[PDB]
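Listing of entry.pdb; format and content: PDB, C-alpha atoms.
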MODEL        1
ATOM      1  CA  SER I  28     -55.414 132.845 164.267  1.00  0.00           C
ATOM      2  CA  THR I  29     -53.380 132.940 167.420  1.00  0.00           C
ATOM      3  CA  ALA I  30     -54.641 136.396 168.082  1.00  0.00           C
ATOM      4  CA  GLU I  31     -58.295 135.510 167.604  1.00  0.00           C
ATOM      5  CA  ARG I  32     -58.359 132.565 169.952  1.00  0.00           C
ATOM      6  CA  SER I  33     -56.564 134.628 172.538  1.00  0.00           C
ATOM      7  CA  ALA I  34     -58.973 137.530 172.233  1.00  0.00           C
ATOM      8  CA  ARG I  35     -61.827 135.131 172.534  1.00  0.00           C
ATOM      9  CA  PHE I  36     -60.221 133.541 175.645  1.00  0.00           C
ATOM     10  CA  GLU I  37     -59.886 137.006 177.222  1.00  0.00           C
ATOM     11  CA  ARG I  38     -63.525 137.862 176.803  1.00  0.00           C
ATOM     12  CA  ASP I  39     -64.579 134.448 177.935  1.00  0.00           C
ATOM     13  CA  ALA I  40     -62.373 134.876 181.026  1.00  0.00           C
ATOM     14  CA  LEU I  41     -63.708 138.350 181.703  1.00  0.00           C
ATOM     15  CA  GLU I  42     -67.204 137.221 181.528  1.00  0.00           C
ATOM     16  CA  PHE I  43     -66.323 135.457 184.828  1.00  0.00           C
ATOM     17  CA  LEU I  44     -64.505 138.394 186.460  1.00  0.00           C
ATOM     18  CA  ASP I  45     -67.351 139.134 188.720  1.00  0.00           C
ATOM     19  CA  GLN I  46     -67.960 135.634 189.864  1.00  0.00           C
ATOM     20  CA  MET I  47     -64.165 135.644 190.490  1.00  0.00           C
ATOM     21  CA  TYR I  48     -64.017 138.824 192.467  1.00  0.00           C
ATOM     22  CA  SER I  49     -66.958 137.752 194.436  1.00  0.00           C
ATOM     23  CA  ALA I  50     -65.189 134.524 195.386  1.00  0.00           C
ATOM     24  CA  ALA I  51     -62.165 136.693 196.089  1.00  0.00           C
ATOM     25  CA  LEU I  52     -64.080 138.794 198.535  1.00  0.00           C
ATOM     26  CA  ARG I  53     -64.854 135.654 200.463  1.00  0.00           C
ATOM     27  CA  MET I  54     -61.331 134.384 200.703  1.00  0.00           C
ATOM     28  CA  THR I  55     -59.502 137.685 201.658  1.00  0.00           C
ATOM     29  CA  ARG I  56     -62.221 139.364 203.598  1.00  0.00           C
ATOM     30  CA  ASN I  57     -60.966 142.763 202.233  1.00  0.00           C
ATOM     31  CA  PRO I  58     -62.024 144.684 199.029  1.00  0.00           C
ATOM     32  CA  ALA I  59     -58.573 146.017 198.490  1.00  0.00           C
ATOM     33  CA  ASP I  60     -57.055 142.514 198.838  1.00  0.00           C
ATOM     34  CA  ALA I  61     -59.932 140.950 196.946  1.00  0.00           C
ATOM     35  CA  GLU I  62     -59.136 143.282 193.972  1.00  0.00           C
ATOM     36  CA  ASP I  63     -55.439 142.768 194.052  1.00  0.00           C
ATOM     37  CA  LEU I  64     -55.987 139.029 194.160  1.00  0.00           C
ATOM     38  CA  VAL I  65     -58.367 139.048 191.188  1.00  0.00           C
ATOM     39  CA  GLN I  66     -56.067 141.357 189.145  1.00  0.00           C
ATOM     40  CA  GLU I  67     -53.097 139.222 189.646  1.00  0.00           C
ATOM     41  CA  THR I  68     -55.075 136.103 188.749  1.00  0.00           C
ATOM     42  CA  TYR I  69     -56.250 137.544 185.349  1.00  0.00           C
ATOM     43  CA  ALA I  70     -52.754 138.824 184.561  1.00  0.00           C
ATOM     44  CA  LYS I  71     -51.553 135.396 185.305  1.00  0.00           C
ATOM     45  CA  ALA I  72     -54.414 133.993 183.173  1.00  0.00           C
ATOM     46  CA  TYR I  73     -53.608 136.276 180.143  1.00  0.00           C
ATOM     47  CA  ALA I  74     -49.970 135.321 180.411  1.00  0.00           C
ATOM     48  CA  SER I  75     -50.645 131.543 180.188  1.00  0.00           C
ATOM     49  CA  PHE I  76     -53.310 131.296 177.530  1.00  0.00           C
ATOM     50  CA  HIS I  77     -50.652 129.394 175.625  1.00  0.00           C
ATOM     51  CA  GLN I  78     -51.035 126.471 177.990  1.00  0.00           C
ATOM     52  CA  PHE I  79     -54.831 126.436 178.257  1.00  0.00           C
ATOM     53  CA  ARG I  80     -55.691 123.773 175.762  1.00  0.00           C
ATOM     54  CA  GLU I  81     -59.139 123.238 174.173  1.00  0.00           C
ATOM     55  CA  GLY I  82     -61.860 121.587 176.257  1.00  0.00           C
ATOM     56  CA  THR I  83     -60.553 122.334 179.737  1.00  0.00           C
ATOM     57  CA  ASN I  84     -63.411 123.894 181.741  1.00  0.00           C
ATOM     58  CA  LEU I  85     -62.484 127.655 181.814  1.00  0.00           C
ATOM     59  CA  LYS I  86     -63.923 128.465 185.187  1.00  0.00           C
ATOM     60  CA  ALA I  87     -61.946 125.579 186.848  1.00  0.00           C
ATOM     61  CA  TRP I  88     -58.831 126.730 185.125  1.00  0.00           C
ATOM     62  CA  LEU I  89     -59.261 130.224 186.479  1.00  0.00           C
ATOM     63  CA  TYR I  90     -60.280 128.804 190.008  1.00  0.00           C
ATOM     64  CA  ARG I  91     -56.938 126.988 189.939  1.00  0.00           C
ATOM     65  CA  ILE I  92     -54.975 130.165 189.108  1.00  0.00           C
ATOM     66  CA  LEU I  93     -56.878 132.028 191.713  1.00  0.00           C
ATOM     67  CA  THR I  94     -56.100 129.472 194.510  1.00  0.00           C
ATOM     68  CA  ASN I  95     -52.464 129.362 193.516  1.00  0.00           C
ATOM     69  CA  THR I  96     -52.276 133.085 193.872  1.00  0.00           C
ATOM     70  CA  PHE I  97     -54.272 133.233 197.054  1.00  0.00           C
ATOM     71  CA  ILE I  98     -51.835 130.795 198.551  1.00  0.00           C
ATOM     72  CA  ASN I  99     -48.604 132.172 197.265  1.00  0.00           C
ATOM     73  CA  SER I 100     -49.293 135.900 197.617  1.00  0.00           C
ATOM     74  CA  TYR I 101     -51.996 136.705 200.025  1.00  0.00           C
ATOM     75  CA  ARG I 102     -52.043 134.417 203.101  1.00  0.00           C
TER      76      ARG I 102
ENDMDL
END

Take the structure in the file and write it out as structure tokens.
Amino acid sequence: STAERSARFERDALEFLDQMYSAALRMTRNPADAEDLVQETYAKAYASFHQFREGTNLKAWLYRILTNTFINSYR
């Protein structure tokens, strides 16, 4: 189903939340900014599931959304 895949993607993504917030602490040097940066990355990630294909390494796909947001928001 379209809903199943997507719910599976969410949980897979969330499994990494901590590794992602931890990386975010190291790039923003600020809990508050680290959180905002993660949150916005996940929101962006939920919103684009449509484009995440099949094999694509999930972690690298999130890393990419996270850098794009670091750059274009924080900074």

Length of the atom CA of residue 30 of chain I to atom CA of residue 72 of chain I vector [Å]: 15.3 Å

Test item: the PyMOL selection byres ((chain I and resi 95-102) around 8) resolved as a PyMOL selection string: chain I and resi 55+60+64+67-68+91-94

With 3 Å on each side, where is the centre of the axis-aligned box around all listed atoms of segment 28-32 of chain I, and how long are its edges in Å to one decimal, as lines of an AutoDock Vina configuration file?
center_x = -55.9
center_y = 134.5
center_z = 167.1
size_x = 11.0
size_y = 9.8
size_z = 11.7

Would you translate the PyMOL selection byres ((chain I and resi 62) around 12) into the concrete set of residues it matches in this file, as an mmCIF file with C-alpha atoms, in the coordinates of the input?
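Done, and the output landed in expr-v7.cif:
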data_model
loop_
_atom_site.group_PDB
_atom_site.id
_atom_site.type_symbol
_atom_site.label_atom_id
_atom_site.label_comp_id
_atom_site.auth_asym_id
_atom_site.auth_seq_id
_atom_site.Cartn_x
_atom_site.Cartn_y
_atom_site.Cartn_z
ATOM 1 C CA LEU I 44 -64.505 138.394 186.460
ATOM 2 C CA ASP I 45 -67.351 139.134 188.720
ATOM 3 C CA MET I 47 -64.165 135.644 190.490
ATOM 4 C CA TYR I 48 -64.017 138.824 192.467
ATOM 5 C CA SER I 49 -66.958 137.752 194.436
ATOM 6 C CA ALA I 50 -65.189 134.524 195.386
ATOM 7 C CA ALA I 51 -62.165 136.693 196.089
ATOM 8 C CA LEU I 52 -64.080 138.794 198.535
ATOM 9 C CA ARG I 53 -64.854 135.654 200.463
ATOM 10 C CA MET I 54 -61.331 134.384 200.703
ATOM 11 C CA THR I 55 -59.502 137.685 201.658
ATOM 12 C CA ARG I 56 -62.221 139.364 203.598
ATOM 13 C CA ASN I 57 -60.966 142.763 202.233
ATOM 14 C CA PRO I 58 -62.024 144.684 199.029
ATOM 15 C CA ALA I 59 -58.573 146.017 198.490
ATOM 16 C CA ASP I 60 -57.055 142.514 198.838
ATOM 17 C CA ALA I 61 -59.932 140.950 196.946
ATOM 18 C CA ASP I 63 -55.439 142.768 194.052
ATOM 19 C CA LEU I 64 -55.987 139.029 194.160
ATOM 20 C CA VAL I 65 -58.367 139.048 191.188
ATOM 21 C CA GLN I 66 -56.067 141.357 189.145
ATOM 22 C CA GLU I 67 -53.097 139.222 189.646
ATOM 23 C CA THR I 68 -55.075 136.103 188.749
ATOM 24 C CA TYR I 69 -56.250 137.544 185.349
ATOM 25 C CA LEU I 93 -56.878 132.028 191.713
ATOM 26 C CA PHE I 97 -54.272 133.233 197.054
ATOM 27 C CA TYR I 101 -51.996 136.705 200.025
#

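For the structure in this document, the set picked by the PyMOL selection byres ((chain I and resi 81-86) around 9) is residues 36, 39, 40, 43, 47, 79, 80, 87, 88, 89, 90 and 91 of chain I.
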
Write out, as a compact mmCIF listing (two decimals), in the frame of the given file, the residues just selected, with C-alpha atoms.
# COMPACT_ATOMS: atom_id res chain seq x y z
CA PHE I 36 -60.22 133.54 175.64
CA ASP I 39 -64.58 134.45 177.94
CA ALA I 40 -62.37 134.88 181.03
CA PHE I 43 -66.32 135.46 184.83
CA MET I 47 -64.17 135.64 190.49
CA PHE I 79 -54.83 126.44 178.26
CA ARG I 80 -55.69 123.77 175.76
CA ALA I 87 -61.95 125.58 186.85
CA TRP I 88 -58.83 126.73 185.12
CA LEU I 89 -59.26 130.22 186.48
CA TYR I 90 -60.28 128.80 190.01
CA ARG I 91 -56.94 126.99 189.94

Nearby residues (only C-alpha atoms) at most 9 Å from residue 33 of chain I, same-chain spacing under 4 positions excluded, as a list in words: residues 28, 29, 37, 38, 73, 76 and 77 of chain I

Got a minute to add N, CA and C atoms to segment 68-82 of chain I and dump it as a short mmCIF file (atom, residue, chain, number, x, y, z; two decimals), in the coordinates of the input?
data_model
loop_
_atom_site.label_atom_id
_atom_site.label_comp_id
_atom_site.auth_asym_id
_atom_site.auth_seq_id
_atom_site.Cartn_x
_atom_site.Cartn_y
_atom_site.Cartn_z
N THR I 68 -54.63 137.39 189.31
CA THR I 68 -55.08 136.10 188.75
C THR I 68 -55.27 136.22 187.22
N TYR I 69 -56.01 137.24 186.83
CA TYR I 69 -56.25 137.54 185.35
C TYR I 69 -54.95 137.77 184.56
N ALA I 70 -54.06 138.56 185.16
CA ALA I 70 -52.75 138.82 184.56
C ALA I 70 -52.10 137.50 184.40
N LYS I 71 -52.17 136.68 185.44
CA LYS I 71 -51.55 135.40 185.30
C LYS I 71 -52.31 134.63 184.19
N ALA I 72 -53.63 134.76 184.16
CA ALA I 72 -54.41 133.99 183.17
C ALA I 72 -54.02 134.49 181.76
N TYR I 73 -53.98 135.81 181.52
CA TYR I 73 -53.61 136.28 180.14
C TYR I 73 -52.25 135.75 179.75
N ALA I 74 -51.33 135.75 180.70
CA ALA I 74 -49.97 135.32 180.41
C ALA I 74 -49.79 133.82 180.09
N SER I 75 -50.78 132.99 180.44
CA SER I 75 -50.64 131.54 180.19
C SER I 75 -51.60 130.96 179.16
N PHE I 76 -52.42 131.79 178.55
CA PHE I 76 -53.31 131.30 177.53
C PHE I 76 -52.63 130.21 176.72
N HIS I 77 -51.34 130.36 176.47
CA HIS I 77 -50.65 129.39 175.62
C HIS I 77 -50.86 127.99 176.11
N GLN I 78 -50.87 127.80 177.42
CA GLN I 78 -51.04 126.47 177.99
C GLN I 78 -52.45 125.98 178.17
N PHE I 79 -53.45 126.84 178.02
CA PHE I 79 -54.83 126.44 178.26
C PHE I 79 -55.17 125.75 176.99
N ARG I 80 -55.55 124.49 177.03
CA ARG I 80 -55.69 123.77 175.76
C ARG I 80 -56.92 123.98 174.87
N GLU I 81 -57.96 123.17 175.06
CA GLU I 81 -59.14 123.24 174.17
C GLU I 81 -60.48 123.03 174.84
N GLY I 82 -60.62 121.91 175.54
CA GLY I 82 -61.86 121.59 176.26
C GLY I 82 -61.88 122.02 177.73
#
